[PDB]
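Colleague: Below is a structure I'd like to ask you about.
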Amino acid sequence: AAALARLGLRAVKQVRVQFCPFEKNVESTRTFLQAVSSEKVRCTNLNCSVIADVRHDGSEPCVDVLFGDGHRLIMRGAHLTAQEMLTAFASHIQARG
Amino acid sequence: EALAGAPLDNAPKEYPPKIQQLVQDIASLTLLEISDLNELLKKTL
Amino acid sequence: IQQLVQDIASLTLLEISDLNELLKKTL
Amino acid sequence: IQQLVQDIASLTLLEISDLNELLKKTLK
Amino acid sequence: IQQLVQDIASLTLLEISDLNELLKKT
Amino acid sequence: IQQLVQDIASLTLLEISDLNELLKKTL
Amino acid sequence: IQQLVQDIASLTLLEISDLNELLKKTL
Amino acid sequence: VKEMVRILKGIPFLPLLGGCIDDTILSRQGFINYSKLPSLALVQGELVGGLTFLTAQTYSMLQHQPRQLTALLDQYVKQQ
């Protein structure tokens, strides 16, 4: 969470999180959701809407982001770890800005 | 003991068996017992 | 009249429900 | 069921109203 | 008018069922 | 029932209206 | 009959409503 | 949960995973369906209506035969 705050989340339009809490490979998605929804990250753009979609039999933990430039970063995090997901999110911010 | 499996809405098809046996038990009664069942339910509820 | 009431009272839910369906089909 | 339909079909309209009132009186 | 009412009430439901069917066709 | 059809269609609005009132009260 | 009254009062909102929905589908 | 989901939906980043209500495990969709569901008094009050609907439907259909003639007679007055 601290990494995202320093990197200027103001260039991110919308973030959504779709996961099934009753599954076994959704722990990584939960950690990603809590890091991007932290208070520090929120206080960078008061227009960005974070959506926490919750399903049961969807069986596809996924995260979708849309940047200011207009690119669509969607990563289905089921085998990825929390660090890998956050690091990829951080890398795209600098390139697309 | 254990609780239920929490079925979802993606493939909701399995209704509880307790309801099904209650339907059969209700349907296995005569119309005279229907009035008795209704009057008792009305008095209680 | 009274015999019909007794016969109707002697039927189960499924028979009565099917009786009403036939009446709906007829009248 | 089928016999009841035939038996009811043989009654006059006055008896139809009489039996309807009895059913309302009994079950309601 | 009273004679018409008596005649209708003197019939069974089968007879009035065909009576209504002809009236429904107008 | 054919005679009843002819008699019913041969009455005016008020007489047919009076028929409805009698039928509701009788039945 | 009496046990039916006790059970339905002990049921939750979903269990009674699912009972009514199946009753609606059956009857 | 009608007043609980409203608070939860007022903040878009507070997920509702699930839970158990009266020894019955529900998901978020089950909670949503439970929220729109009426109370015990309303549901039980409508329970007797459906059980007695079979008798009520039978009486209405039997009494509908005299009403069929009245409707046709009223329709003719409407025509003329």
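Quick note on naming: the chains in the structure tokens go A, B, ... in the order shown, residues restart at 1 in each chain, and ligands are numbered from 1 in order of appearance.
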Can you tell me which residues surround segment 65-70 of chain H at a distance of at most 12 Å, considering only C-alpha atoms, apart from same-chain residues fewer than 5 positions away, and format the answer as a ChimeraX atom specification?
Modeller: /C:23-24,26-27 /D:13-14,16-17,20 /E:5,8-9,12-24 /F:5,8,16-27 /H:58-60,75-77
Colleague: Specify as a list in words all residues of chain D found within 8 Å of chain C, counting only C-alpha atoms.
Modeller: residues 1, 2, 4, 7, 8, 15, 19 and 23 of chain D
Colleague: Could you please tell me, as an mmCIF file with C-alpha atoms, in the first residue's frame, which residues of chain B have an atom within 12 Å of chain A when using only C-alpha atoms?
Modeller:
```
data_model
loop_
_atom_site.group_PDB
_atom_site.id
_atom_site.type_symbol
_atom_site.label_atom_id
_atom_site.label_comp_id
_atom_site.auth_asym_id
_atom_site.auth_seq_id
_atom_site.Cartn_x
_atom_site.Cartn_y
_atom_site.Cartn_z
ATOM 1 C CA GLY B 5 -22.333 -25.969 1.490
ATOM 2 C CA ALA B 6 -23.730 -22.499 0.663
ATOM 3 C CA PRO B 7 -24.974 -23.031 -2.913
ATOM 4 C CA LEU B 8 -24.648 -20.097 -5.292
ATOM 5 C CA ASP B 9 -26.898 -18.455 -7.877
ATOM 6 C CA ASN B 10 -24.728 -19.517 -10.832
ATOM 7 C CA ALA B 11 -26.125 -23.072 -10.653
ATOM 8 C CA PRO B 12 -28.994 -22.876 -8.134
#
```
